[PDB]
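Asker: Please read through the structure below; I'll follow up with questions.
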Amino acid sequence: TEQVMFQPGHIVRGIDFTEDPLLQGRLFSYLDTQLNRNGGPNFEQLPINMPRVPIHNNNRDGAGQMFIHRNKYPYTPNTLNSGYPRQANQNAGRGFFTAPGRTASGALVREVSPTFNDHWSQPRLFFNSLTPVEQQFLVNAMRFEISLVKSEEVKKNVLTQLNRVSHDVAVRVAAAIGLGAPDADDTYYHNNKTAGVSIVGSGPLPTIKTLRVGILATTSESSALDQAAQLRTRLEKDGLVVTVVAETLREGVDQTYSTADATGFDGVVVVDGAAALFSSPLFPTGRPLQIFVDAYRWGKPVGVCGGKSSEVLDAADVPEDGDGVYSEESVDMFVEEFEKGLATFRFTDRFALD
Amino acid sequence: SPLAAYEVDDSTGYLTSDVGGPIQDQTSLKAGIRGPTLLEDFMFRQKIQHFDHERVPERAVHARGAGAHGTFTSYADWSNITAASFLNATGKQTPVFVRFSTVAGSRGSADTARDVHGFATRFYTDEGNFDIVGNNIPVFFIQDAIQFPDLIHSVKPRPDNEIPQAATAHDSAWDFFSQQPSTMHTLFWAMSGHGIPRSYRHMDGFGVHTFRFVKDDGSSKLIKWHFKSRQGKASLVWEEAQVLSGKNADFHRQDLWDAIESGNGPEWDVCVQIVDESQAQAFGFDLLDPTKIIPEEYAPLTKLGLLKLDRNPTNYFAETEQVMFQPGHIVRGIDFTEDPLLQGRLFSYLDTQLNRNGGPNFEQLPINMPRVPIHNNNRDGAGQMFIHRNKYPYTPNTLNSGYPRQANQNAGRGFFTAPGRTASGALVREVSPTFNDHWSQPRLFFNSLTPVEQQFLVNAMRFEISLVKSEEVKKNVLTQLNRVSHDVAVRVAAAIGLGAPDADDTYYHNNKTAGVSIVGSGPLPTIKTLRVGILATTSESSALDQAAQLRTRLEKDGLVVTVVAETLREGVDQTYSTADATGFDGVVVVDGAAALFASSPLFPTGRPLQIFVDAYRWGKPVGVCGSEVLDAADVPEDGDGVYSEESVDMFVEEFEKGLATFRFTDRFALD
Amino acid sequence: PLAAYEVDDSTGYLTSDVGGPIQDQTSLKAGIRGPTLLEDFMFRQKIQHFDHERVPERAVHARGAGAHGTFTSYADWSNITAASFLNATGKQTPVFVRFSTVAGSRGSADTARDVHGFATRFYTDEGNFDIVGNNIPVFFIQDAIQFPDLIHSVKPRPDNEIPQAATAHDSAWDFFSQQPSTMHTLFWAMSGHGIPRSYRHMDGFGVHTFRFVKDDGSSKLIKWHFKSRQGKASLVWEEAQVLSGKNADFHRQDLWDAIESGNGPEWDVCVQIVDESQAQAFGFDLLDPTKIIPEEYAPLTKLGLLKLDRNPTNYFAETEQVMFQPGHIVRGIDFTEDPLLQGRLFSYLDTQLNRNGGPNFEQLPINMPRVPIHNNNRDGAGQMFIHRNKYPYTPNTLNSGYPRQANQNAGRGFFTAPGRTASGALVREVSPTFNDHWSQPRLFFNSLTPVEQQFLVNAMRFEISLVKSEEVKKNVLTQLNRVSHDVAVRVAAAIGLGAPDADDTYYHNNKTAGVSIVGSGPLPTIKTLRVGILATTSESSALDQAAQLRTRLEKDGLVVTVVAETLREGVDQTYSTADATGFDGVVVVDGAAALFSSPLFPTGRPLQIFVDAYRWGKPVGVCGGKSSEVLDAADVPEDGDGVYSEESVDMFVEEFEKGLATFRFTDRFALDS
Ligand code: HDD
Ligand code: HDD
Ligand SMILES: [Ca+2]
Ligand SMILES: [Ca+2]
Ligand SMILES: [Ca+2]
Ligand SMILES: [Ca+2]
Ligand SMILES: [Ca+2]
Ligand SMILES: [Ca+2]
Ligand SMILES: [Ca+2]
């Protein structure tokens with residue numbers, strides 16, 4: 001992983017470049033930068049960079065040369081090596097070739113094409129294609145970052161640009177930073193949308209295999225550990241990665257509350273035998289409840305398995321009728337509901353909107 | 001062998017990039033037929049980037065050199081003296097790689113510069129690579145490794161103008177020699193024919209330092225390594241070496257390449273002198289002092305095995321340029337001594353490979369790899385070629401079951417420091433008084449040379465010191481030479497118009513030692529590979545016939561025959577235009593060619609005669625096969641190593657004895 | 001000009017690199033006969049530095065030498081170029097120049113037969129401007145992508161690394177004969193231009209067509225030609241071979257000494273100037289680097305004087321580390337679409353990463369400009385600057401929009417010539433306008449004198465006779481025959497092959513001025529030329545004669561060496577170290593006639609110096625009136641051109657100095673019938 005040295009210059013017959021000025025310059029950079037990383041010119045000889053076919057060329061020497069070349073006439077044209085290696089091209093040897101329809105015409109210029117000048121219509125297309133809560137998250141990311149910019153001139157300049165994409169984005173961002181948004185400039189505004197760019201609107205996940213379920217239990221009650229073991233079996237059958245959390249480790253318990261966090265899970269279940277946990281030298285004050293509350297706040301499916309849910313849900317201020325909140329005595333019925341929640345993945349109704 | 005696995009064949013196939021995509025490499029991609037080149041031309045940039053980065057730093061010393069593969073074979077089970085595995089059975093074979101070199105010149109400098117020479121040998125043993133990084137001279141200029149940059153700065157070119165290349169014939173070198181008297185012994189060796197060997201095959205190798213052989217029982221003895229040439233000892237003469245430097249800078253590397261290609265791979269007996277620890281100070285000098293030899297009269301040689309070089313490299317850069325020797329490449333059964341020159345070398349050779357290789361994984365280059373598995377916790381670094389499976393590379397571990405396991409005297413055939421070694425005393429930056437005699441052994445060496453050999457050494461010093469500009473440095477040089485020999489100082493002073501200081505007899509003596517003289521080492525044991533130039537003419541069919549008759553005979557005797565004429569044709573190898581006496585060990589004129597020795601647009605005026613005359617002056621066997629030629633060349637017909645016979649068989653017999661004699665030293669004037 | 005970076009060590013106590021006073025002569029040991037300690041930092045810092053002293057040699061032109069100097073403009077050239085260093089009469093700009101061979105490694109001989117580099121940096125008031133040129137005006141190949149092919153073929157064979165610094169091997173001639181573009185440069189390299197007498201006695205050429213661009217955006221096409229004020233001179237081959245052994249440093253020593261004696265070399269920096277419309281008007285394409293513009297078609301315009309007058313202080317720091325680039329360009333100059341030039345632009349920026357080991361190579365003192373640097377390049381290994389601007393991006397407001405963009409209309413920016421265009425398919429195709437590989441080699445050959453043509457034939461006979469492959473030799477004759485049937489016949493005779501039948505497609509009888517060395521006339525100055533006076537210590541009168549001659553010769557700026565058997569007052573060199581390659585002329589004092597055996601020099605050495613000097617074309621003579629003993633011994637005719645015999649020191653010197661200006665007496669060389 002550290003030594004893999006990628007290059008867009010690693011191209012094969014059947015593919016070619018375009019005159020995109022970003023791509024064009026990349027071709028130079030990736031060949032040059034491997035000299036810095038590798039400290040020498042023979043970086044294509046590292047095992048991860050080698051090809052899976054023979055190499056025939058007249059490259060030679062250089063620090064770290066691993067090959068012992070038999071051909072003592074490494075120049076073209078030669079007769080002393082019978083004209084090998086042979087040149088490869090469109091018509092012989094399956095050579096790479098530049099697309100033969102490509103042309104250039106005009107002055108040699110350091111000028112930007114005017115065809116590149118619309119910087120704002122597509123940002124607006126993208127923004128329009130997000131769901132309302134997704135638009136809120138984006139506004140909130142901008143509010144977070146721009147509030148940390150110290151320069152008031154830079155903040156004003158940012159609002160000027162945002163406003164060219166969307167007046168509403170500029171107004172909502174400006175509100176968090178105590179500036180006024182500039183007046184609407186509708187040159188690039190439009191209502192068009194495009195498919196396949198929204199995450200929130202992309203529907204339930206097509207698989208829940210590998211998703212992480214934290215089961216919050218206690219060693220105080222043998223019944224809680226029994227509940228957690230039953231749930232583990234049922235969830236693991238479907239390819240979920242189960243972590244049982246308790247105060248201390250023992251058989252069947254994977255993690256202590258001290259090392260556990262809601263960020264380690266895609267869904268969190270409390271077994272009702274553990275309801276009393278919801279102070280100790282074994283974990284920070286309020287840690288078990290905090291895991292559940294964080295999971296809920298961050299939109300994850302959460303639930304209580306075993307039949308008695310009010311104590312836990314009330315302590316967490318989680319409504320018992322909420323979308324992505326589960327409560328069942330039956331382990332089978334609990335898991336069937338909870339798995340639908342894992343596929344939904346995020347319950348976006350839990351986030352406030354402007 | 002790692003070398004076989006990494007060989008790349010390009011005798012067939014279409015050109016590809018380094019990632020296997022078929023490409024072309026002859027025309028740049030352009031915007032139009034007469035347009036500018038495009039940045040998107042990856043074929044151009046990968047090829048030119050490689051070219052732009054082909055070079056690596058030359059070695060800091062011994063930059064100029066050449067290498068070959070071979071085998072070492074043990075003569076016996078040497079367990080009685082060393083635990084070394086490569087020495088543990090009669091007939092045991094270990095692959096080797098040897099690099100020979102000069103010292104001061106940069107990588108494109110002449111092989112035939114006057115210099116100390118390197119002789120570095122890697123034994124790819126079944127218990128790890130073992131390197132003996134030696135020289136062709138058994139003693140070194142300095143007594144402490146910390147002085148190495150001082151020595152090397154002084155002998156390398158002056159740093160304002162980078163003049164002169166590959167030469168000690170300048171003020172700074174002689175300033176250092178005259179201020180640092182330890183240099184006297186090696187200086188005398190370098191000023192002898194040992195500074196200008198006939199070939200890498202006609203020189204010996206020496207480890208220089210005292211080392212230890214260590215037995216499995218922990219006992220140790222002190223040793224010196226001496227690789228004794230089976231080709232004999234031979235030198236150039238100075239004027240010949242100078243001409244050679246211009247006519248063929250690659251003379252020694254070519255000689256080695258050719259000897260191997262012809263099935264005449266050079267051999268050495270790998271020998272040691274072996275003495276007890278109690279004899280460290282018993283011979284009148286300190287065995288820790290790298291400026292001293294053990295005279296053979298005090299400790300004879302034991303022959304351990306045969307070193308033969310018999311395969312040339314496939315790619316010079318990959319093998320010869322990239323081989324990275326280290327005295328730190330040691331194996332169980334050998335140990336260091338407290339020689340302060342050796343001690344500091346251990347640091348330098350591990351460090352310097354970072355400069356050459358540009359990264360820390362230089363032991364992964366095929367030429368540096370061992371021939372046994374590697375088990376250690378070294379990880380990462382630029383150019384990492386391994387994919388290590390052990391995810392717990394720390395000791396002590398349980399998560400990898402304690403592997404790799406520690407190796408030591410009692411486990412895993414570990415290296416161990418000789419257990420009788422001790423240290424005692426203050427922590428000091430002081431030179432042992434036992435190192436203080438800098439002059440007796442140079443005098444021993446000088447005494448052991450033949451009269452003409454002494455003359456050559458005096459003449460080498462006359463040559464170099466006359467080029468020193470500073471009057472003060474020249475006077476300081478005479479002061480030091482005088483402490484070795486008053487006669488040497490007098491004779492050198494005569495050339496430079498200075499007066500030698502009065503005799504100072506403190507270190508004078510008349511003792512001699514065997515095995516250090518080239519001239520006195522007798523005729524060569526073989527003449528195979530030696531070069532015979534036959535000077536002929538295309539103008540007489542008889543001349544070409546005579547040359548062909550000589551060739552047939554000489555070639556069956558293993559000689560390399562070059563027939564020279566005005567122009568090339570069947571049977572003629574070389575034109576007079578490209579021929580020179582430095583290209584031959586013996587020269588024969590066929591009598592049909594006499595007229596050439598009396599103008600042509602095909603060669604420089606007087607070239608045929610100059611070849612014969614130069615060969616004569618430089619002491620080579622010379623002859624005419626078939627009076628007029630000898631008269632023109634002012635060569636006396638009755639001279640030793642001058643042949644004149646009409647009978648080809650008689651001529652060949654006599655001339656071949658001349659080749660073994662190699663140099664006819666009576667042709668040189670003596671003081 | 002680099003005074004600010006100099007470090008003086010003429011006084012003081014030894015210190016570490018961090019200023020702690022230390023010693024460096026004895027290692028720290030556990031007892032007086034003990035092992036060395038790892039805690040010896042004095043040892044390790046000194047040896048680590050030594051261990052890392054070397055850097056990769058240049059990929060080509062590894063062997064070379066440099067000097068500092070000044071360029072002075074002859075005029076205000078604003079009417080043809082916006083270049084600031086050319087914008088006023090008398091305007092001075094510091095320069096550094098490096099000269100070199102091409103193929104040999106470091107430590108190879110100066111007097112190898114090769115193309116030579118002539119690279120000039122102008123440290124201008126609007127940036128460093130480099131002209132990275134050679135002593136031959138045309139290049140072997142027509143596309144930069146072929147450079148590794150050319151260079152691999154001429155450099156040593158890669159199995160054994162033989163031969164050093166020479167084209168005289170199979171691979172080089174295989175390439176030349178398979179790639180006919182090489183013929184023009186090949187003919188130049190096989191002439192005396194392959195073995196110049198000194199760096200001071202060769203010219204410099206940019207090779208490529210470049211553009212001069214006015215501030216109004218208009219452009220003209222130019223070729224750079226640096227014309228030596230010392231004259232043109234070559235060695236002869238046999239002399240060059242001996243010199244390679246006797247003094248590998250010959251050219252660098254010649255340059256060093258000329259500067260130290262106050263005889264710093266000079267060149268007129270010139271251009272040929274032609275219109276854009278004349279790109280194909282001269283019967284070849286100006287984008288083709290294998291072609292010259294004959295001077296009959298476009299005369300030289302003299303722009304200013306280049307003088308080298310100061311040697312470096314530290315060779316490594318200055319000469320070894322100077323990193324030239326044709327990408328070091330300034331406003332008023334632009335590139336052309338020469339496909340050789342085009343690819344060079346990439347190579348020289350990239351290769352400095354190999355040499356320097358990091359990206360901050362422009363910070364080395366010798367590479368720094370003499371004006372301020374304002375840009376957003378940050379970090380990298382070896383970063384010496386401490387940048388104050390904490391907003392190094394454009395566009396910015398937090399640094400008030402600085403640095404500002406420079407362009408044609410603001411800030412004196414570089415700008416591409418605005419009339420330049422491109423049109424057509426994106427192609428890896430050679431222009432058919434490049435296809436005539438043989439006419440100009442013929443033009444060059446036709447322009448040489450008869451003895452010069454013989455020398456070129458003889459160089460080819462020498463090299464091709466060393467090619468082992470009979471197929472390669474035949475292929476070489478095929479190519480040579482397309483330039484000249486007579487060249488092919490004469491070369492073939494030495495190698496025992498037949499020349500192919502004449503193919504007259506490209507034969508012609510046209511000639512051009514300014515390319516012959518032999519025909520360039522006597523040298524305009526003899527200052528710095530070397531006179532060896534062969535004397536003896538046996539006769540006090542011989543030493544007296546030598547002293548009188550020395551005084552009279554030194555008066556005229558000649559470098560005099562008195563040679564005798566042994567050194568003393570007035571004698572510079574012994575016979576043992578003396579060689580004819582050390583002199584441009586040789587004089588024997590008649591008091592030394594008896595020398596013409598001893599343990600002090602090789603048998604026949606004194607006579608051999610005189611004979612070699614004669615045979616290599618040098619002025620030779622005997623001063624004093626008694627000349628027959630010496631001349632007869634040397635087989636030198638008293639009445640020969642460039643042979644002098646006079647009793648009068650004054651008269652001898654007058655005649656001899658005319659011979660030094662003639663430089664070579666070419667009637668001593670045999671010609672093919
Ligand atoms: C303290 C520094 C130092 C000292 C005292 C010596 N050397 Fe060394 N030697 C080096 C530092 C070094 C080096 C700078 O580390 C080199 C340059 C390339 C290399 O691998 O090591 C080297 C190269 C080198 C080579 C070339 C190996 C090859 O062919 O690649 C030989 C043969 C020797 N040395 C031999 C000797 C001998 C016989 C010495 C004294 C007995 C000696 N050196 C002292
Ligand atoms: C595409 C590769 C390429 C091509 C086609 C050329 N060169 Fe080059 N040249 C290099 C790649 C290079 C290089 C590898 O980049 C060097 C090695 C050291 C350096 O700085 O650049 C170099 C060095 C170099 C030097 C040595 C500069 C110095 O003294 O440090 C000179 C004088 C030239 N070249 C001159 C030429 C001329 C006159 C050329 C044809 C008109 C030419 N080169 C074509
Ligand atoms: Ca193509
Ligand atoms: Ca010096
Ligand atoms: Ca000798
Ligand atoms: Ca070759
Ligand atoms: Ca000439
Ligand atoms: Ca590096
Ligand atoms: Ca522009």
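A note on labels: chains of the structure tokens are A, B, ... as shown, every chain counts residues from 1, and ligands are counted from 1 in their shown order.
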Hey, what's within 12 Å of residue A:202 if we count only C-alpha atoms and toss same-chain stuff fewer than 3 positions away? As a list in words, please?
Answerer: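 Result of the neighbour search: residues 129, 130, 131, 134, 195, 196, 197, 198, 199, 205, 206, 343, 344, 345 and 346 of chain A.
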Asker: Please produce a file of those selected residues containing C-alpha atoms, as a CSV table (one decimal), in the first residue's frame.
Answerer:
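What follows is the written file part_7.csv:
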```
chain,number,residue,atom,x,y,z
A,129,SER,CA,-30.8,17.3,-6.5
A,130,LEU,CA,-30.4,16.8,-2.7
A,131,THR,CA,-33.3,16.2,-0.4
A,134,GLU,CA,-29.5,16.8,2.8
A,195,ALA,CA,-30.4,11.6,-10.8
A,196,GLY,CA,-27.8,9.6,-8.8
A,197,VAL,CA,-26.0,12.3,-6.9
A,198,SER,CA,-28.1,12.3,-3.7
A,199,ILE,CA,-27.1,10.0,-0.8
A,205,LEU,CA,-29.0,-0.1,1.4
A,206,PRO,CA,-29.0,-3.1,-0.9
A,343,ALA,CA,-31.1,-0.9,5.6
A,344,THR,CA,-32.9,2.5,6.0
A,345,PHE,CA,-29.6,3.4,7.7
A,346,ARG,CA,-30.4,6.9,8.8
```
Asker: Compile the residues of chain C that lie within 9 Å of chain A, evaluated using only C-alpha atoms, and express the compilation as a ChimeraX atom specification.
Answerer: /C:146,148-153,157-159,170-171,174-175,178-179,350,353-354,357-359,397-398,416-428,469,471-472
Asker: Near residue C:396, counting only C-alpha atoms, which residues have an atom at most 12 Å away, once you skip same-chain residues fewer than 5 positions from it, shown as a count of residues only?
Answerer: 11
Asker: Near chain C, meaning an atom within 6 Å, which residues of chain B appear when counting only C-alpha atoms? Write them as a ChimeraX atom specification.
Answerer: /B:26-33,35-36,44,52-53,55-57,106,108-109,146-147,159-161,242-243,245-247,314-316,338,352,355,423-429,432,495-497,567-569,600-601,669-671
Asker: Quick one: write out the picked residues with C-alpha atoms as a JSON list (two decimals), in the first residue's frame?
Answerer:
```json
[["chain", "number", "residue", "atom", "x", "y", "z"],
["B", 26, "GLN", "CA", 11.73, 6.74, -32.12],
["B", 27, "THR", "CA", 9.56, 9.81, -32.79],
["B", 28, "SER", "CA", 8.06, 12.35, -30.37],
["B", 29, "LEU", "CA", 4.31, 13.07, -30.38],
["B", 30, "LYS", "CA", 3.75, 16.53, -31.90],
["B", 31, "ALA", "CA", 0.93, 18.96, -32.61],
["B", 32, "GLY", "CA", 1.31, 18.67, -36.41],
["B", 33, "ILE", "CA", 4.19, 17.34, -38.49],
["B", 35, "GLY", "CA", 4.80, 21.18, -34.47],
["B", 36, "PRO", "CA", 5.78, 21.33, -30.81],
["B", 44, "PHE", "CA", 9.12, 10.20, -24.50],
["B", 52, "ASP", "CA", 18.41, 11.34, -17.10],
["B", 53, "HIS", "CA", 18.74, 9.19, -13.96],
["B", 55, "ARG", "CA", 24.15, 7.62, -13.24],
["B", 56, "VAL", "CA", 24.93, 6.92, -9.59],
["B", 57, "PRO", "CA", 27.78, 8.43, -7.51],
["B", 106, "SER", "CA", 37.60, 8.78, -11.12],
["B", 108, "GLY", "CA", 36.80, 7.04, -16.52],
["B", 109, "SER", "CA", 40.53, 7.35, -15.65],
["B", 146, "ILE", "CA", 40.25, 8.81, 10.89],
["B", 147, "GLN", "CA", 43.13, 10.02, 8.66],
["B", 159, "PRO", "CA", 40.26, 21.03, -5.35],
["B", 160, "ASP", "CA", 40.36, 24.48, -7.00],
["B", 161, "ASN", "CA", 41.00, 23.15, -10.54],
["B", 242, "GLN", "CA", 52.06, 6.45, -19.66],
["B", 243, "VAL", "CA", 51.63, 5.61, -23.36],
["B", 245, "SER", "CA", 47.07, 5.28, -20.47],
["B", 246, "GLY", "CA", 46.45, 7.19, -23.73],
["B", 247, "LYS", "CA", 46.38, 4.33, -26.26],
["B", 314, "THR", "CA", 26.38, -9.91, -18.15],
["B", 315, "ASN", "CA", 25.73, -6.26, -17.31],
["B", 316, "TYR", "CA", 28.63, -4.18, -16.01],
["B", 338, "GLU", "CA", 42.11, -3.74, 17.24],
["B", 352, "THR", "CA", 28.90, 4.84, 2.01],
["B", 355, "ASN", "CA", 25.35, 7.43, -0.94],
["B", 423, "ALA", "CA", 40.21, -4.12, 26.60],
["B", 424, "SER", "CA", 41.88, -2.24, 29.43],
["B", 425, "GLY", "CA", 42.93, 1.32, 30.10],
["B", 426, "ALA", "CA", 41.89, 4.92, 29.72],
["B", 427, "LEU", "CA", 39.58, 6.04, 26.95],
["B", 428, "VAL", "CA", 42.16, 7.75, 24.77],
["B", 429, "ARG", "CA", 42.79, 9.52, 21.49],
["B", 432, "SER", "CA", 50.47, 3.50, 20.56],
["B", 495, "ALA", "CA", 67.37, 14.85, -10.36],
["B", 496, "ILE", "CA", 65.88, 17.87, -8.61],
["B", 497, "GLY", "CA", 69.11, 19.88, -8.12],
["B", 567, "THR", "CA", 45.63, -2.32, -44.37],
["B", 568, "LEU", "CA", 43.27, -5.08, -43.22],
["B", 569, "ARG", "CA", 42.74, -8.28, -45.17],
["B", 600, "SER", "CA", 52.36, 6.34, -46.23],
["B", 601, "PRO", "CA", 48.98, 8.15, -45.97],
["B", 669, "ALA", "CA", 70.87, 2.52, -17.32],
["B", 670, "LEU", "CA", 71.87, 2.47, -13.65],
["B", 671, "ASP", "CA", 73.24, 5.19, -11.37]]
```
Asker: What does the structure give for the distance between atom CA of residue C:581 and atom CA of residue C:307, in Å to one decimal?
Answerer: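 These two atoms are separated by 26.8 Å.
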Asker: Under the rule that only C-alpha atoms are counted, which of B:607, B:356, B:92, B:308 is the nearest residue to chain A?
Answerer: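 Among the listed residues, B:356 lies closest to chain A.
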Asker: Specify as a ChimeraX atom specification all residues of chain B found within 7 Å of chain A, counting only C-alpha atoms.
Answerer: /B:6-24,31,39-40,42,47,50,53-56,314-315,317-318,357-359,365-366,382-383,385
Asker: Create the file for the chosen residues now, containing C-alpha atoms and written as a PDB file, in the first residue's frame.
Answerer:
```pdb
ATOM      1  CA  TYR B   6      16.926 -11.409 -12.525  1.00  0.00           C
ATOM      2  CA  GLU B   7      18.302 -11.843 -16.047  1.00  0.00           C
ATOM      3  CA  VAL B   8      16.185 -10.138 -18.678  1.00  0.00           C
ATOM      4  CA  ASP B   9      16.224 -11.347 -22.277  1.00  0.00           C
ATOM      5  CA  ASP B  10      15.567  -8.891 -25.119  1.00  0.00           C
ATOM      6  CA  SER B  11      16.613 -11.060 -28.103  1.00  0.00           C
ATOM      7  CA  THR B  12      12.986 -11.100 -29.312  1.00  0.00           C
ATOM      8  CA  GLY B  13       9.826  -9.116 -28.761  1.00  0.00           C
ATOM      9  CA  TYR B  14       8.140  -5.771 -29.209  1.00  0.00           C
ATOM     10  CA  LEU B  15       9.239  -2.709 -27.264  1.00  0.00           C
ATOM     11  CA  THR B  16       7.281  -2.080 -24.058  1.00  0.00           C
ATOM     12  CA  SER B  17       7.148   0.427 -21.274  1.00  0.00           C
ATOM     13  CA  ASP B  18       8.417  -0.624 -17.834  1.00  0.00           C
ATOM     14  CA  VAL B  19       4.838  -1.649 -17.093  1.00  0.00           C
ATOM     15  CA  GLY B  20       4.537  -3.957 -20.101  1.00  0.00           C
ATOM     16  CA  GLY B  21       2.539  -1.753 -22.512  1.00  0.00           C
ATOM     17  CA  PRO B  22       3.802  -2.140 -26.112  1.00  0.00           C
ATOM     18  CA  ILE B  23       5.105   1.221 -27.398  1.00  0.00           C
ATOM     19  CA  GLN B  24       7.441   2.935 -29.842  1.00  0.00           C
ATOM     20  CA  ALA B  31       0.928  18.956 -32.611  1.00  0.00           C
ATOM     21  CA  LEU B  39       3.397  16.947 -22.608  1.00  0.00           C
ATOM     22  CA  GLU B  40       1.080  13.911 -22.963  1.00  0.00           C
ATOM     23  CA  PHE B  42       4.462   9.426 -21.916  1.00  0.00           C
ATOM     24  CA  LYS B  47      12.469   6.929 -21.710  1.00  0.00           C
ATOM     25  CA  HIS B  50      15.289   6.838 -17.194  1.00  0.00           C
ATOM     26  CA  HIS B  53      18.744   9.185 -13.957  1.00  0.00           C
ATOM     27  CA  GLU B  54      21.110   6.452 -15.222  1.00  0.00           C
ATOM     28  CA  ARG B  55      24.147   7.617 -13.239  1.00  0.00           C
ATOM     29  CA  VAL B  56      24.930   6.924  -9.588  1.00  0.00           C
ATOM     30  CA  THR B 314      26.384  -9.909 -18.151  1.00  0.00           C
ATOM     31  CA  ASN B 315      25.726  -6.256 -17.314  1.00  0.00           C
ATOM     32  CA  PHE B 317      26.495  -1.596 -14.235  1.00  0.00           C
ATOM     33  CA  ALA B 318      24.208  -4.078 -12.519  1.00  0.00           C
ATOM     34  CA  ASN B 357      22.469   3.295  -3.750  1.00  0.00           C
ATOM     35  CA  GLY B 358      20.345   6.287  -2.595  1.00  0.00           C
ATOM     36  CA  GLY B 359      18.484   4.086  -0.110  1.00  0.00           C
ATOM     37  CA  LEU B 365      20.492  -5.879  -5.318  1.00  0.00           C
ATOM     38  CA  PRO B 366      21.090  -9.251  -6.998  1.00  0.00           C
ATOM     39  CA  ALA B 382      13.086   3.098  -0.060  1.00  0.00           C
ATOM     40  CA  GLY B 383      13.306   0.379  -2.677  1.00  0.00           C
ATOM     41  CA  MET B 385      11.824  -5.510  -2.682  1.00  0.00           C
TER      42      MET B 385
END
```
Asker: Would you list the contacts of stretch 186-188 of chain A as an MDAnalysis selection string, taking every protein, DNA or RNA residue within 10 Å and counting only C-alpha atoms, but skipping same-chain residues closer than 4 positions in sequence?
Answerer: chainID A and resid 118:124 163:167
Asker: Once you have the residues from the selection above, write them out as an mmCIF file, in the first residue's frame, restricted to C-alpha atoms.
Answerer:
```cif
data_model
loop_
_atom_site.group_PDB
_atom_site.id
_atom_site.type_symbol
_atom_site.label_atom_id
_atom_site.label_comp_id
_atom_site.auth_asym_id
_atom_site.auth_seq_id
_atom_site.Cartn_x
_atom_site.Cartn_y
_atom_site.Cartn_z
ATOM 1 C CA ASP A 118 -19.892 28.910 -16.149
ATOM 2 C CA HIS A 119 -18.777 28.034 -12.606
ATOM 3 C CA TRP A 120 -22.188 28.136 -10.925
ATOM 4 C CA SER A 121 -24.957 26.345 -12.882
ATOM 5 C CA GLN A 122 -23.773 22.827 -12.071
ATOM 6 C CA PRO A 123 -23.191 23.504 -8.348
ATOM 7 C CA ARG A 124 -26.850 24.649 -8.378
ATOM 8 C CA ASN A 163 -24.916 33.631 -3.703
ATOM 9 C CA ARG A 164 -24.159 33.083 -7.402
ATOM 10 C CA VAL A 165 -25.099 29.404 -6.950
ATOM 11 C CA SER A 166 -28.102 29.937 -4.637
ATOM 12 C CA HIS A 167 -29.402 33.014 -2.836
#
```
Asker: Stretch 72-194 of chain C: which residues are alpha helix (DSSP H) by DSSP, as an NGL selection string?
Answerer: :C and (147-154 or 170-178 or 183-190)
Asker: Contacts of residue C:551 at 12 Å or less, counting only C-alpha atoms, minus same-chain residues fewer than 6 places along, as a VMD selection string?
Answerer: chain C and resid 533 544 to 545 557 to 562 570 649 to 650 653
